[PDB]
Amino acid sequence: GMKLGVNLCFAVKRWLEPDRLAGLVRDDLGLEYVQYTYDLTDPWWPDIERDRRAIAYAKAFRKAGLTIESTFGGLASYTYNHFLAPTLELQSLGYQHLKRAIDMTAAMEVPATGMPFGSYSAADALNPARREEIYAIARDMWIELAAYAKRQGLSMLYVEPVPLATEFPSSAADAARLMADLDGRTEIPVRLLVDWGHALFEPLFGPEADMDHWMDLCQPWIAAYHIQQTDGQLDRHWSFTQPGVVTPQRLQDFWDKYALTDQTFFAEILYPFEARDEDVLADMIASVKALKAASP
Amino acid sequence: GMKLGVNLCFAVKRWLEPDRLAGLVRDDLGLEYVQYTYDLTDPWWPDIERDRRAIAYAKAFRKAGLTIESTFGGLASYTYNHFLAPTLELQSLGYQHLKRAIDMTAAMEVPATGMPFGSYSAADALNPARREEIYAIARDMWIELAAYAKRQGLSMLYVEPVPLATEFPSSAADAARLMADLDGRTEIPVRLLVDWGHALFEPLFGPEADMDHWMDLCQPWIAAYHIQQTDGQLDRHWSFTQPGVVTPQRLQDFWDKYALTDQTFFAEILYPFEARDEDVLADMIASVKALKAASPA
Ligand SMILES: [Cl-]
Ligand SMILES: [Cl-]
Ligand SMILES: [Cl-]
Ligand SMILES: [Fe+3]
Ligand SMILES: [Fe+3]
Ligand SMILES: [Mn+2]
Ligand SMILES: [Mn+2]
């Protein structure tokens with residue numbers, strides 16, 4: 001069936017021991033394809049200690065026979081505005097964040113990394129001229145960072161669109177424009193990672209909260225996915241033990257409809273900090289079994 | 001009335017212009033006491049750019065007539081395990097995290113900073129020997145960091161207990177132990193900031209999920225609070241337009257019962273990222289109006 005994976009966001013703060021985490025993904029989840037989260041080792045940490053730990057993960061995962069296909073921004077990263085921030089200095093700290101995340105990913109010998117693109121201030125979000133001026137700087141920064149990433153040995157970067165009018169890209173049309181702006185201008189490809197819970201967010205996208213609309217405008221650029229359960233009313237990141245609009249069969253039918261091959265459906269499931277480790281692990285296991293029960 | 005303040009977590013990613021943020025707290029929320037969040041300027045950022053931005057917020061708030069009483073950890077910070085992490089290198093990254101936060105706080109001329117103490121890994125959380133080993137290192141770290149803070153001009157550090165058995169301090173008994181261990185050993189005081197949603201978390205604390213139990217074991221050490229609305233079943237951080245067990249009047253009755261004076265009740269309200277700016281702002285204003293509506297004895 002569908003190529004399933006897991007983003008390690010479920011394990012944040014909890015199963016930190018590299019061999020224990022690899023074993024959990026292999027033996028408990030029965031999954032092979034992994035996306036490593038910045039929420040395990042912060043790009044900003046001094047590089048010696050950061051990379052020592054990130055490399056320990058990379059080694060443990062290789063040894064368990066798992067494939068870390070990419071690293072990706074998480075909640076610590078998403079807290080700040082990065083490339084669409086309201087000052088050049090803050091946008092340059094976005095450059096430096098991603099530059100450092102690229103270094104860490106190269107230390108892991110992982111081929112790709114990505115993140116949401118960034119976020120406008122409240123004032124800037126309301127001002128199209130301001131948005132475009134900021135964006136032009138951001139777009140040039142990603143050209144330079146693609147070149148850097150290529151020199152570090154990476155093969156691809158990703159941008160993850162978001163369900164916010166105050167950020168970019170939000171809509172399938174926004175993502176199409178970003179992808180056109182970068183295509184033929186970057187030394188390695190910059191592609192889209194589309195999160196099902198973002199695309200299906202109804203309050204912002206209404207009748208365009210629809211994955212066919214994403215394929216219509218963006219199919220050729222979508223290189224990977226985040227999957228999660230949601231009611232379409234907030235970005236839930238629920239597991240597949242929970243009810244909502246993203247049934248496992250809906251996922252498998254999309255997979256088959258578009259003849260997908262290597263565009264990993266990474267489960268990106270978030271738990272409240274205060275949930276107990278045993279309950280999170282049980283839930284994650286039942287959730288993966290629910291996903292694997294879809295009929296191809 | 002009770003001493004209300006606001007933690008700037010509600011503004012993260014949104015009202016970032018320093019004078020607009022300051023004016024919003026002053027004019028729209030009608031408040032004076034502020035807790036600045038690490039979520040606006042990351043302690044890890046390079047010092048020069050980091051302090052330029054942090055200092056711009058400090059100056060704008062001071063000019064608007066607001067008092068930034070402390071800086072405090074937010075979600076970016078809480079993502080990591082820090083002082084209770086399973087390797088000494090990860091613990092040392094927690095040390096450096098707070099050291100850098102102290103640098104940023106001194107640059108702002110803010111007198112105090114704090115955060116939750118840190119977090120055990122899943123394996124270590126179940127090994128009392130490991131917990132003890134890790135904690136003894138953590139405690140020694142905070143001693144050194146209190147010495148550094150004093151040298152940088154700070155007056156106080158805070159630890160925020162949390163509603164997880166995998167972290168310490170969690171219970172009022174944990175918090176009393178940490179406080180007792182550190183009292184007389186630190187060059188400036190290390191005190192508790194208690195979040196009403198953490199103390200009132202029922203699934204962990206059962207009948208000890210209430211604030212009188214916190215005063216019974218910890219009163220002398222609780223120097224500030226986070227207030228939020230909650231149903232007591234998860235750590236909600238709801239605003240005071242929402243139903244739940246932490247009513248404005250209950251907060252005012254607690255404030256009067258214990259003769260509190262300067263121990264600021266900072267509203268710490270969390271909004272989904274995807275909520276619209278104007279909806280967050282409207283709700284925050286109605287929430288602060290609800291809090292001000294409480295009736296003092
Ligand atoms: Cl572990
Ligand atoms: Cl703004
Ligand atoms: Cl440092
Ligand atoms: Fe996602
Ligand atoms: Fe809190
Ligand atoms: Mn999301
Ligand atoms: Mn909390």
# chains A, B, ... in the order shown; residues from 1 in each chain; ligands from 1

$ residues_near_ligand --ligand "ligand 6" --cutoff "10 Å" --atoms "only C-alpha atoms and all ligand atoms" --output "list in words"
residues 74, 75, 78, 116, 160, 161, 162, 163, 194, 195, 196, 197, 198, 199, 226, 227, 228, 234, 235, 236, 237, 268, 269 and 270 of chain A; 273 and 274 of chain B

$ residues_near_ligand --ligand "ligand 5" --cutoff "7 Å" --atoms "only C-alpha atoms and all ligand atoms" --output "JSON, numbers by chain"
{"B": [160, 195, 226, 268]}

$ interface_residues --of "chain B" --to "chain A" --cutoff "7 Å" --atoms "only C-alpha atoms" --output "VMD selection string"
chain B and resid 13 to 16 39 44 49 75 to 76 79 to 81 89 119 121 to 122 163 to 164 274 277

$ write_last_selection --atoms "N, CA and C atoms" --output "PDB file, in the first residue's frame"
ATOM      1  N   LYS B  13       4.707  35.558  17.362  1.00  0.00           N
ATOM      2  CA  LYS B  13       4.615  35.615  15.900  1.00  0.00           C
ATOM      3  C   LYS B  13       3.752  36.744  15.333  1.00  0.00           C
ATOM      4  N   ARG B  14       2.975  37.428  16.171  1.00  0.00           N
ATOM      5  CA  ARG B  14       1.965  38.378  15.665  1.00  0.00           C
ATOM      6  C   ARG B  14       2.366  39.862  15.848  1.00  0.00           C
ATOM      7  N   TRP B  15       2.149  40.434  17.032  1.00  0.00           N
ATOM      8  CA  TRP B  15       2.362  41.886  17.236  1.00  0.00           C
ATOM      9  C   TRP B  15       3.807  42.058  17.691  1.00  0.00           C
ATOM     10  N   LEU B  16       4.703  42.082  16.710  1.00  0.00           N
ATOM     11  CA  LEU B  16       6.128  42.021  16.958  1.00  0.00           C
ATOM     12  C   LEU B  16       6.808  43.380  17.030  1.00  0.00           C
ATOM     13  N   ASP B  39      10.085  33.167  23.749  1.00  0.00           N
ATOM     14  CA  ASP B  39       9.453  32.930  22.451  1.00  0.00           C
ATOM     15  C   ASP B  39       9.406  34.168  21.524  1.00  0.00           C
ATOM     16  N   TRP B  44      19.307  31.585  22.391  1.00  0.00           N
ATOM     17  CA  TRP B  44      20.331  31.018  21.482  1.00  0.00           C
ATOM     18  C   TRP B  44      20.782  31.930  20.324  1.00  0.00           C
ATOM     19  N   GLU B  49      22.503  40.647  17.548  1.00  0.00           N
ATOM     20  CA  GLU B  49      21.152  40.786  16.986  1.00  0.00           C
ATOM     21  C   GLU B  49      20.083  40.489  18.032  1.00  0.00           C
ATOM     22  N   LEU B  75       7.532  28.003  24.665  1.00  0.00           N
ATOM     23  CA  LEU B  75       7.434  26.679  24.025  1.00  0.00           C
ATOM     24  C   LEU B  75       8.703  26.243  23.356  1.00  0.00           C
ATOM     25  N   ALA B  76       9.441  27.162  22.711  1.00  0.00           N
ATOM     26  CA  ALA B  76      10.719  26.819  22.048  1.00  0.00           C
ATOM     27  C   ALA B  76      11.685  26.177  23.071  1.00  0.00           C
ATOM     28  N   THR B  79      10.472  22.651  24.657  1.00  0.00           N
ATOM     29  CA  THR B  79      10.681  21.536  23.719  1.00  0.00           C
ATOM     30  C   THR B  79      11.829  20.587  24.095  1.00  0.00           C
ATOM     31  N   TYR B  80      12.828  21.112  24.820  1.00  0.00           N
ATOM     32  CA  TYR B  80      14.045  20.374  25.164  1.00  0.00           C
ATOM     33  C   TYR B  80      14.060  20.016  26.643  1.00  0.00           C
ATOM     34  N   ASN B  81      14.957  19.109  26.998  1.00  0.00           N
ATOM     35  CA  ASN B  81      14.999  18.471  28.303  1.00  0.00           C
ATOM     36  C   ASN B  81      15.884  19.198  29.302  1.00  0.00           C
ATOM     37  N   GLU B  89      26.282  16.258  28.373  1.00  0.00           N
ATOM     38  CA  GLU B  89      26.342  17.274  27.310  1.00  0.00           C
ATOM     39  C   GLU B  89      24.994  17.965  27.093  1.00  0.00           C
ATOM     40  N   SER B 119      13.510  18.036  32.056  1.00  0.00           N
ATOM     41  CA  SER B 119      12.717  16.860  31.805  1.00  0.00           C
ATOM     42  C   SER B 119      13.542  15.602  31.687  1.00  0.00           C
ATOM     43  N   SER B 121      14.206  11.724  30.397  1.00  0.00           N
ATOM     44  CA  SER B 121      13.852  10.846  29.299  1.00  0.00           C
ATOM     45  C   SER B 121      12.904   9.759  29.830  1.00  0.00           C
ATOM     46  N   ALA B 122      12.246   9.049  28.928  1.00  0.00           N
ATOM     47  CA  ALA B 122      11.306   7.992  29.278  1.00  0.00           C
ATOM     48  C   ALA B 122      11.947   6.893  30.133  1.00  0.00           C
ATOM     49  N   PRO B 163       3.059  19.570  35.454  1.00  0.00           N
ATOM     50  CA  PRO B 163       2.123  18.465  35.744  1.00  0.00           C
ATOM     51  C   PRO B 163       2.502  17.165  35.045  1.00  0.00           C
ATOM     52  N   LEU B 164       3.785  16.821  35.096  1.00  0.00           N
ATOM     53  CA  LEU B 164       4.319  15.599  34.513  1.00  0.00           C
ATOM     54  C   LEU B 164       5.115  14.871  35.584  1.00  0.00           C
ATOM     55  N   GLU B 274      -3.049  29.090  14.143  1.00  0.00           N
ATOM     56  CA  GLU B 274      -3.959  29.295  13.020  1.00  0.00           C
ATOM     57  C   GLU B 274      -5.171  30.201  13.366  1.00  0.00           C
ATOM     58  N   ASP B 277      -5.408  36.914  13.955  1.00  0.00           N
ATOM     59  CA  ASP B 277      -4.891  38.001  14.801  1.00  0.00           C
ATOM     60  C   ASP B 277      -6.011  38.757  15.502  1.00  0.00           C
TER      61      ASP B 277
END

$ select_by_dssp --residues "segment 254-292 of chain B" --states "helix (DSSP H, G or I)" --output "PyMOL selection string"
chain B and resi 254-257+277-292

$ atom_distance --atom1 "atom CA of residue 231 of chain A" --atom2 "atom CA of residue 202 of chain A"
9.0 Å

$ residues_around --residues "residue 71 of chain A" --least-positions-apart "2" --cutoff "8 Å" --atoms "only C-alpha atoms" --output "ChimeraX atom specification"
/A:35-38,68-69,73,105,110,112-114

$ residues_around --residues "residue 33 of chain A" --least-positions-apart "2" --cutoff "8 Å" --atoms "only C-alpha atoms" --output "VMD selection string"
chain A and resid 4 to 6 31 35 66 to 69 264 266

$ write_last_selection --atoms "C-alpha atoms" --output "PDB file, in the first residue's frame"
ATOM      1  CA  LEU A   4       4.126   5.267   5.351  1.00  0.00           C
ATOM      2  CA  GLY A   5       6.620   7.063   7.599  1.00  0.00           C
ATOM      3  CA  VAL A   6       6.908   8.789  10.911  1.00  0.00           C
ATOM      4  CA  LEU A  31       7.976   1.520  10.144  1.00  0.00           C
ATOM      5  CA  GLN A  35      11.780  12.203   9.204  1.00  0.00           C
ATOM      6  CA  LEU A  66      15.682   2.576   9.162  1.00  0.00           C
ATOM      7  CA  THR A  67      16.062   5.371   6.563  1.00  0.00           C
ATOM      8  CA  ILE A  68      16.075   8.964   7.728  1.00  0.00           C
ATOM      9  CA  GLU A  69      14.875  10.610   4.491  1.00  0.00           C
ATOM     10  CA  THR A 264       6.392   9.455   1.888  1.00  0.00           C
ATOM     11  CA  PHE A 266       5.023  10.899   7.234  1.00  0.00           C
TER      12      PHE A 266
END

$ residues_near_ligand --ligand "ligand 3" --cutoff "12 Å" --atoms "only C-alpha atoms and all ligand atoms" --output "number ranges by chain"
A: 44-46; B: 43-47, 92-104, 148

$ closest_atom_pairs --of "chain B" --to "ligand 7" --cutoff "8 Å" --atoms "only C-alpha atoms and all ligand atoms" --output "tab-separated table"
residue	atom	partner	partner_atom_place_in_ligand_line	distance
B:162	CA	ligand 7	1 (Mn)	7.1
B:195	CA	ligand 7	1 (Mn)	6.8
B:197	CA	ligand 7	1 (Mn)	6.4
B:198	CA	ligand 7	1 (Mn)	6.1
B:235	CA	ligand 7	1 (Mn)	5.5
B:236	CA	ligand 7	1 (Mn)	7.3
B:237	CA	ligand 7	1 (Mn)	6.5

$ residues_around --residues "residue 159 of chain A" --least-positions-apart "6" --cutoff "7 Å" --atoms "only C-alpha atoms" --output "list in words"
residues 114, 115, 116, 117, 191, 192 and 193 of chain A
